[PDB]
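Quick look at coords-v3.pdb (PDB, C-alpha atoms and all ligand atoms):
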```pdb
MODEL        1
ATOM      1  CA  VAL Z   3     133.138  76.324   4.311
ATOM      2  CA  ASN Z   4     129.698  74.753   4.810
ATOM      3  CA  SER Z   5     127.044  74.721   7.569
ATOM      4  CA  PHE Z   6     127.358  71.157   8.944
ATOM      5  CA  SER Z   7     128.211  71.442  12.635
ATOM      6  CA  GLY Z   8     129.393  69.060  15.372
ATOM      7  CA  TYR Z   9     130.860  66.414  12.981
ATOM      8  CA  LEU Z  10     133.908  64.283  13.708
ATOM      9  CA  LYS Z  11     136.287  64.172  10.753
ATOM     10  CA  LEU Z  12     137.147  60.612   9.736
ATOM     11  CA  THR Z  13     139.125  61.252   6.544
ATOM     12  CA  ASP Z  14     139.820  63.991   4.099
ATOM     13  CA  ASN Z  15     136.211  63.854   2.852
ATOM     14  CA  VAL Z  16     134.058  61.840   5.305
ATOM     15  CA  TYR Z  17     132.501  63.262   8.482
ATOM     16  CA  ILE Z  18     130.175  61.584  11.023
ATOM     17  CA  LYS Z  19     127.808  62.702  13.727
ATOM     18  CA  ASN Z  20     125.342  61.115  16.111
ATOM     19  CA  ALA Z  21     122.219  62.755  14.725
ATOM     20  CA  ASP Z  22     118.694  62.183  13.448
ATOM     21  CA  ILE Z  23     119.049  62.707   9.686
ATOM     22  CA  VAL Z  24     115.536  64.202   9.595
ATOM     23  CA  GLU Z  25     116.440  66.844  12.176
ATOM     24  CA  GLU Z  26     119.799  67.466  10.525
ATOM     25  CA  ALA Z  27     118.134  67.986   7.077
ATOM     26  CA  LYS Z  28     115.525  70.361   8.550
ATOM     27  CA  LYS Z  29     118.348  72.465  10.123
ATOM     28  CA  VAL Z  30     121.014  72.435   7.383
ATOM     29  CA  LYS Z  31     118.755  72.333   4.288
ATOM     30  CA  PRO Z  32     121.533  70.621   2.313
ATOM     31  CA  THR Z  33     121.725  70.563  -1.464
ATOM     32  CA  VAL Z  34     121.427  66.750  -1.275
ATOM     33  CA  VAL Z  35     119.989  64.426   1.366
ATOM     34  CA  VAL Z  36     120.412  60.706   0.679
ATOM     35  CA  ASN Z  37     117.493  58.352   1.267
ATOM     36  CA  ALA Z  38     117.999  54.676   2.095
ATOM     37  CA  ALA Z  39     115.554  53.628  -0.617
ATOM     38  CA  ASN Z  40     114.314  50.341  -2.007
ATOM     39  CA  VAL Z  41     113.825  49.649  -5.724
ATOM     40  CA  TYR Z  42     110.082  50.426  -5.533
ATOM     41  CA  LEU Z  43     110.616  53.705  -3.642
ATOM     42  CA  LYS Z  44     108.190  52.425  -0.987
ATOM     43  CA  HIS Z  45     109.212  54.518   1.983
ATOM     44  CA  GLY Z  46     107.738  52.486   4.784
ATOM     45  CA  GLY Z  47     110.276  52.379   7.585
ATOM     46  CA  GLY Z  48     113.833  52.990   8.639
ATOM     47  CA  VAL Z  49     115.414  56.148   7.286
ATOM     48  CA  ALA Z  50     113.038  56.233   4.304
ATOM     49  CA  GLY Z  51     109.885  56.037   6.374
ATOM     50  CA  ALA Z  52     111.185  58.858   8.584
ATOM     51  CA  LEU Z  53     112.202  61.127   5.741
ATOM     52  CA  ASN Z  54     108.854  60.523   3.995
ATOM     53  CA  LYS Z  55     106.867  61.176   7.193
ATOM     54  CA  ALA Z  56     108.740  64.478   7.602
ATOM     55  CA  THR Z  57     107.516  65.476   4.083
ATOM     56  CA  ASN Z  58     103.882  64.728   5.046
ATOM     57  CA  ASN Z  59     103.940  61.873   2.445
ATOM     58  CA  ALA Z  60     104.854  64.219  -0.432
ATOM     59  CA  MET Z  61     108.011  62.166  -1.015
ATOM     60  CA  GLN Z  62     105.879  59.023  -1.474
ATOM     61  CA  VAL Z  63     103.469  60.772  -3.872
ATOM     62  CA  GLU Z  64     106.369  61.998  -6.023
ATOM     63  CA  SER Z  65     108.019  58.578  -5.838
ATOM     64  CA  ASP Z  66     104.882  56.734  -6.983
ATOM     65  CA  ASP Z  67     104.709  58.954 -10.067
ATOM     66  CA  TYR Z  68     108.426  58.296 -10.726
ATOM     67  CA  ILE Z  69     107.935  54.505 -10.595
ATOM     68  CA  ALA Z  70     104.775  54.650 -12.719
ATOM     69  CA  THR Z  71     106.805  56.422 -15.431
ATOM     70  CA  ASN Z  72     110.212  54.726 -15.124
ATOM     71  CA  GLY Z  73     109.774  51.385 -13.366
ATOM     72  CA  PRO Z  74     111.851  50.202 -10.414
ATOM     73  CA  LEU Z  75     115.414  51.152  -9.669
ATOM     74  CA  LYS Z  76     118.278  48.641  -9.665
ATOM     75  CA  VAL Z  77     119.849  47.448  -6.427
ATOM     76  CA  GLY Z  78     122.981  49.606  -6.309
ATOM     77  CA  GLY Z  79     121.239  52.341  -8.319
ATOM     78  CA  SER Z  80     119.741  55.736  -7.569
ATOM     79  CA  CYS Z  81     117.543  58.550  -8.762
ATOM     80  CA  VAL Z  82     117.405  62.269  -7.959
ATOM     81  CA  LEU Z  83     114.022  63.606  -6.881
ATOM     82  CA  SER Z  84     112.864  66.629  -4.901
ATOM     83  CA  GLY Z  85     114.120  67.204  -1.369
ATOM     84  CA  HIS Z  86     110.738  68.733  -0.439
ATOM     85  CA  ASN Z  87     111.059  70.592   2.901
ATOM     86  CA  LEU Z  88     114.273  68.740   3.824
ATOM     87  CA  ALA Z  89     116.828  69.618   1.096
ATOM     88  CA  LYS Z  90     117.028  70.895  -2.469
ATOM     89  CA  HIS Z  91     117.268  67.323  -3.782
ATOM     90  CA  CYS Z  92     116.858  63.816  -2.426
ATOM     91  CA  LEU Z  93     119.216  61.194  -3.839
ATOM     92  CA  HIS Z  94     117.319  57.912  -3.413
ATOM     93  CA  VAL Z  95     120.024  55.226  -3.241
ATOM     94  CA  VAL Z  96     119.307  51.481  -3.144
ATOM     95  CA  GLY Z  97     121.801  49.569  -1.026
ATOM     96  CA  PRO Z  98     121.489  45.786  -0.887
ATOM     97  CA  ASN Z  99     119.038  44.493   1.722
ATOM     98  CA  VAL Z 100     120.662  41.523   3.457
ATOM     99  CA  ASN Z 101     117.236  40.530   4.773
ATOM    100  CA  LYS Z 102     116.289  39.963   1.101
ATOM    101  CA  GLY Z 103     119.469  38.023   0.246
ATOM    102  CA  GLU Z 104     120.983  40.732  -1.955
ATOM    103  CA  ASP Z 105     124.684  40.668  -2.777
ATOM    104  CA  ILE Z 106     126.677  42.797  -0.343
ATOM    105  CA  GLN Z 107     129.205  43.590  -3.083
ATOM    106  CA  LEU Z 108     126.491  45.851  -4.515
ATOM    107  CA  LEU Z 109     127.133  48.131  -1.561
ATOM    108  CA  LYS Z 110     130.151  49.667  -3.320
ATOM    109  CA  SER Z 111     128.066  50.349  -6.440
ATOM    110  CA  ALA Z 112     125.444  51.996  -4.225
ATOM    111  CA  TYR Z 113     128.015  54.354  -2.656
ATOM    112  CA  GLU Z 114     129.415  55.243  -6.120
ATOM    113  CA  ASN Z 115     126.208  57.239  -6.687
ATOM    114  CA  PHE Z 116     127.406  59.695  -4.033
ATOM    115  CA  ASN Z 117     130.347  60.708  -6.280
ATOM    116  CA  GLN Z 118     127.947  62.518  -8.619
ATOM    117  CA  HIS Z 119     127.337  65.142  -5.877
ATOM    118  CA  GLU Z 120     129.928  67.468  -4.376
ATOM    119  CA  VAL Z 121     128.406  67.459  -0.850
ATOM    120  CA  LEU Z 122     125.783  65.175   0.724
ATOM    121  CA  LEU Z 123     124.026  64.499   4.018
ATOM    122  CA  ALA Z 124     123.609  60.718   4.192
ATOM    123  CA  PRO Z 125     122.905  57.650   6.328
ATOM    124  CA  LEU Z 126     125.080  54.551   6.227
ATOM    125  CA  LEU Z 127     123.823  52.520   3.290
ATOM    126  CA  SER Z 128     122.452  49.040   3.967
ATOM    127  CA  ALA Z 129     122.572  49.650   7.749
ATOM    128  CA  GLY Z 130     119.604  49.481  10.094
ATOM    129  CA  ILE Z 131     116.697  47.440   8.755
ATOM    130  CA  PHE Z 132     118.671  46.653   5.576
ATOM    131  CA  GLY Z 133     120.644  44.195   7.683
ATOM    132  CA  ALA Z 134     124.293  44.880   6.811
ATOM    133  CA  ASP Z 135     127.075  45.447   9.321
ATOM    134  CA  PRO Z 136     127.332  49.252   9.769
ATOM    135  CA  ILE Z 137     131.088  49.016  10.426
ATOM    136  CA  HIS Z 138     131.484  47.373   6.994
ATOM    137  CA  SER Z 139     129.223  49.997   5.451
ATOM    138  CA  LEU Z 140     131.365  52.794   6.898
ATOM    139  CA  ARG Z 141     134.513  51.162   5.514
ATOM    140  CA  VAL Z 142     133.004  50.869   2.020
ATOM    141  CA  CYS Z 143     131.827  54.491   2.262
ATOM    142  CA  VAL Z 144     135.305  55.786   3.130
ATOM    143  CA  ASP Z 145     136.920  53.622   0.448
ATOM    144  CA  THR Z 146     134.425  54.550  -2.310
ATOM    145  CA  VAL Z 147     133.086  58.077  -1.840
ATOM    146  CA  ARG Z 148     135.455  60.847  -2.912
ATOM    147  CA  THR Z 149     133.023  63.758  -2.538
ATOM    148  CA  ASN Z 150     132.235  65.375   0.814
ATOM    149  CA  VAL Z 151     129.854  63.217   2.843
ATOM    150  CA  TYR Z 152     128.279  64.071   6.210
ATOM    151  CA  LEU Z 153     127.013  60.841   7.779
ATOM    152  CA  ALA Z 154     124.245  60.949  10.339
ATOM    153  CA  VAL Z 155     124.060  57.951  12.677
ATOM    154  CA  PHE Z 156     120.835  57.836  14.681
ATOM    155  CA  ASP Z 157     121.933  55.392  17.396
ATOM    156  CA  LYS Z 158     124.405  56.852  19.898
ATOM    157  CA  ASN Z 159     125.689  53.415  20.912
ATOM    158  CA  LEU Z 160     126.371  52.573  17.271
ATOM    159  CA  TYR Z 161     127.978  55.958  16.603
ATOM    160  CA  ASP Z 162     130.454  55.432  19.450
ATOM    161  CA  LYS Z 163     131.235  51.926  18.215
ATOM    162  CA  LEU Z 164     131.582  53.186  14.695
ATOM    163  CA  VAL Z 165     133.979  55.875  15.956
ATOM    164  CA  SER Z 166     136.000  53.739  18.319
ATOM    165  CA  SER Z 167     136.359  50.869  15.797
ATOM    166  CA  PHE Z 168     137.271  53.086  12.805
ATOM    167  CA  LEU Z 169     140.785  52.406  11.205
TER     168      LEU Z 169
HETATM  169  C1  LIG D 201     111.566  61.544  15.140
HETATM  170  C2  LIG D 201     111.528  61.781  13.624
HETATM  171  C3  LIG D 201     111.399  63.263  13.296
HETATM  172  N1  LIG D 201     112.774  61.294  13.089
HETATM  173  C4  LIG D 201     112.989  59.910  12.766
HETATM  174  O1  LIG D 201     112.161  59.073  12.860
HETATM  175  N2  LIG D 201     114.307  59.668  12.262
HETATM  176  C5  LIG D 201     114.841  58.387  11.912
HETATM  177  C6  LIG D 201     114.126  57.205  12.027
HETATM  178  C7  LIG D 201     114.765  56.023  11.716
HETATM  179  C8  LIG D 201     116.091  56.037  11.333
HETATM  180  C9  LIG D 201     116.757  54.712  11.054
HETATM  181  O2  LIG D 201     116.139  53.739  10.786
HETATM  182  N3  LIG D 201     118.187  54.682  11.260
HETATM  183  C10 LIG D 201     118.873  53.443  11.035
HETATM  184  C11 LIG D 201     119.457  52.652  12.232
HETATM  185  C12 LIG D 201     119.037  52.371  13.539
HETATM  186  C13 LIG D 201     119.814  51.552  14.352
HETATM  187  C14 LIG D 201     120.996  50.997  13.872
HETATM  188  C15 LIG D 201     121.407  51.255  12.575
HETATM  189  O3  LIG D 201     122.586  50.720  12.042
HETATM  190  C16 LIG D 201     120.631  52.074  11.772
HETATM  191  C17 LIG D 201     120.901  52.496  10.323
HETATM  192  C18 LIG D 201     120.025  53.700  10.121
HETATM  193  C19 LIG D 201     120.750  55.008  10.400
HETATM  194  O4  LIG D 201     121.014  55.373  11.578
HETATM  195  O5  LIG D 201     121.065  55.718   9.409
HETATM  196  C20 LIG D 201     116.819  57.215  11.272
HETATM  197  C21 LIG D 201     116.181  58.400  11.572
ENDMDL
END
```
Any chance you could give the structure as C-alpha cells?
Amino acid sequence: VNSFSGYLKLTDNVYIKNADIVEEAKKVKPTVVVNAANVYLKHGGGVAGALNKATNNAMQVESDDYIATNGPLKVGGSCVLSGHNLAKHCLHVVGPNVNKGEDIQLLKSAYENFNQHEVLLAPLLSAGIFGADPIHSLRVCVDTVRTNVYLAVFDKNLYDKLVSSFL
C-alpha cells in the first residue's frame, strides 16, 4: 500500500491521473519524482521548469554543479539528484526531443531508467514541449517499465484522450 490517490489503473504496474506533477509531489513526497530533463540539465520550461521553480531554483543550482563535474547526460540516460522539497530523490531522465531531431527509438531506453526504482511519480517522457506523441509515449511506458509508475498528466483533455485511446 502507498499514498498515491485518485489514479486510474492501466496495467498491473502503471497508473495515471490528471494532475499537476508539482502539486502531486508536494502532497505525496514520493521516494522518486522523475524530471523531463535535457542533457544539460537546463530546467527552463515544461515539466522541468515547473519542478525547478517549485524548488526556488535549488534544483538548477545542484544540476549546474553536477554538469560541471560530470558533463552532459546522454539522450536516453539519467542521473539521480536530490528531490529537494518535492521528493527524496529526483530522477532526471532525458527523453528524445523531437523538436531537436532526436531518434524516437531512444524513448524506450529513457523509460528503462525507471526500472531501477521500485516506485516513481513521473510525467510522460518526450511529451509536451519535447514534441513526441503522448499516446506513443504511454504505450512505450507500459511496454518498458516493470516497476510501479504513477503518471501525472497535466492537461485534462490529453488525459481523457490518453485514457479513452489506451489498449
Ligand atoms: C502551477 C505550478 C505550481 N505548476 C506547474 O507549472 N506545473 C507544470 C507545468 C508544466 C507542465 C508540462 O509542461 N506538462 C507537459 C504537457 C502539457 C500539454 C501536453 C502534454 O503532452 C504535456 C506533457 C507534459 C506533462 O503533462 O507531463 C507540467 C506541470
Could you report the residues within 10 Å of ligand LIG 201 (chain D), using all atoms listed in the file, as a PDB file with C-alpha atoms, keeping the file's coordinate frame?
```pdb
ATOM      1  CA  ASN Z  20     125.342  61.115  16.111  1.00  0.00           C
ATOM      2  CA  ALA Z  21     122.219  62.755  14.725  1.00  0.00           C
ATOM      3  CA  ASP Z  22     118.694  62.183  13.448  1.00  0.00           C
ATOM      4  CA  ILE Z  23     119.049  62.707   9.686  1.00  0.00           C
ATOM      5  CA  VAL Z  24     115.536  64.202   9.595  1.00  0.00           C
ATOM      6  CA  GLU Z  25     116.440  66.844  12.176  1.00  0.00           C
ATOM      7  CA  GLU Z  26     119.799  67.466  10.525  1.00  0.00           C
ATOM      8  CA  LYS Z  28     115.525  70.361   8.550  1.00  0.00           C
ATOM      9  CA  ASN Z  37     117.493  58.352   1.267  1.00  0.00           C
ATOM     10  CA  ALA Z  38     117.999  54.676   2.095  1.00  0.00           C
ATOM     11  CA  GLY Z  47     110.276  52.379   7.585  1.00  0.00           C
ATOM     12  CA  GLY Z  48     113.833  52.990   8.639  1.00  0.00           C
ATOM     13  CA  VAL Z  49     115.414  56.148   7.286  1.00  0.00           C
ATOM     14  CA  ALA Z  50     113.038  56.233   4.304  1.00  0.00           C
ATOM     15  CA  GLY Z  51     109.885  56.037   6.374  1.00  0.00           C
ATOM     16  CA  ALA Z  52     111.185  58.858   8.584  1.00  0.00           C
ATOM     17  CA  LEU Z  53     112.202  61.127   5.741  1.00  0.00           C
ATOM     18  CA  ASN Z  54     108.854  60.523   3.995  1.00  0.00           C
ATOM     19  CA  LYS Z  55     106.867  61.176   7.193  1.00  0.00           C
ATOM     20  CA  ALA Z  56     108.740  64.478   7.602  1.00  0.00           C
ATOM     21  CA  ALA Z 124     123.609  60.718   4.192  1.00  0.00           C
ATOM     22  CA  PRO Z 125     122.905  57.650   6.328  1.00  0.00           C
ATOM     23  CA  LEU Z 126     125.080  54.551   6.227  1.00  0.00           C
ATOM     24  CA  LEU Z 127     123.823  52.520   3.290  1.00  0.00           C
ATOM     25  CA  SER Z 128     122.452  49.040   3.967  1.00  0.00           C
ATOM     26  CA  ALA Z 129     122.572  49.650   7.749  1.00  0.00           C
ATOM     27  CA  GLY Z 130     119.604  49.481  10.094  1.00  0.00           C
ATOM     28  CA  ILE Z 131     116.697  47.440   8.755  1.00  0.00           C
ATOM     29  CA  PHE Z 132     118.671  46.653   5.576  1.00  0.00           C
ATOM     30  CA  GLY Z 133     120.644  44.195   7.683  1.00  0.00           C
ATOM     31  CA  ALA Z 134     124.293  44.880   6.811  1.00  0.00           C
ATOM     32  CA  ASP Z 135     127.075  45.447   9.321  1.00  0.00           C
ATOM     33  CA  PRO Z 136     127.332  49.252   9.769  1.00  0.00           C
ATOM     34  CA  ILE Z 137     131.088  49.016  10.426  1.00  0.00           C
ATOM     35  CA  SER Z 139     129.223  49.997   5.451  1.00  0.00           C
ATOM     36  CA  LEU Z 153     127.013  60.841   7.779  1.00  0.00           C
ATOM     37  CA  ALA Z 154     124.245  60.949  10.339  1.00  0.00           C
ATOM     38  CA  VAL Z 155     124.060  57.951  12.677  1.00  0.00           C
ATOM     39  CA  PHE Z 156     120.835  57.836  14.681  1.00  0.00           C
ATOM     40  CA  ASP Z 157     121.933  55.392  17.396  1.00  0.00           C
ATOM     41  CA  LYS Z 158     124.405  56.852  19.898  1.00  0.00           C
ATOM     42  CA  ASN Z 159     125.689  53.415  20.912  1.00  0.00           C
ATOM     43  CA  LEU Z 160     126.371  52.573  17.271  1.00  0.00           C
ATOM     44  CA  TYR Z 161     127.978  55.958  16.603  1.00  0.00           C
ATOM     45  CA  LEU Z 164     131.582  53.186  14.695  1.00  0.00           C
TER      46      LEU Z 164
END
```
Selected residue, from Z:74, Z:65, Z:39, Z:86, that lies nearest to residue 98 (chain Z) when counting all atoms listed in the file: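 Result for the nearest residue to residue 98 (chain Z): Z:39.
Picked by the PyMOL selection byres (((chain Z and resi 14) around 10) and not hetatm) from the coordinates shown: residues 11, 12, 13, 15, 16, 17, 144, 148, 149 and 150 of chain Z.
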Straight-line distance linking CA of residue 93 (chain Z) with CA of residue 79 (chain Z), stated in Å to one decimal: 10.1 Å
Within 10 Å of region 102-122 of chain Z, which residues of region 21-63 of chain Z come that close, and what is the closest atom pair and distance in Å for each? Count all atoms listed in the file and give it as CSV.
```
residue,atom,partner,partner_atom,distance
Z:32,CA,Z:122,CA,7.1
Z:33,CA,Z:122,CA,7.1
Z:34,CA,Z:122,CA,5.0
Z:35,CA,Z:122,CA,5.9
Z:36,CA,Z:122,CA,7.0
```
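Counting all atoms listed in the file, the residue from Z:88, Z:165, Z:123, Z:69 that sits nearest to residue 44 (chain Z) is Z:69.
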Counting all atoms listed in the file, the option among Z:70, Z:82, Z:89, Z:18 closest to residue 30 (chain Z):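 Checking each candidate against residue 30 (chain Z), we get Z:89 as the closest.
Of the listed residues (Z:151, Z:5, Z:10, Z:77), Z:77 comes nearest to residue 97 (chain Z); the distances count all atoms listed in the file.
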Point-to-point distance in Å for CA of residue 83 (chain Z) and CA of residue 40 (chain Z):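 Interatomic distance here is 14.1 Å.
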Which residue of Z:140, Z:100, Z:146, Z:152 approaches residue 168 (chain Z) most closely, using all atoms listed in the file: Z:140
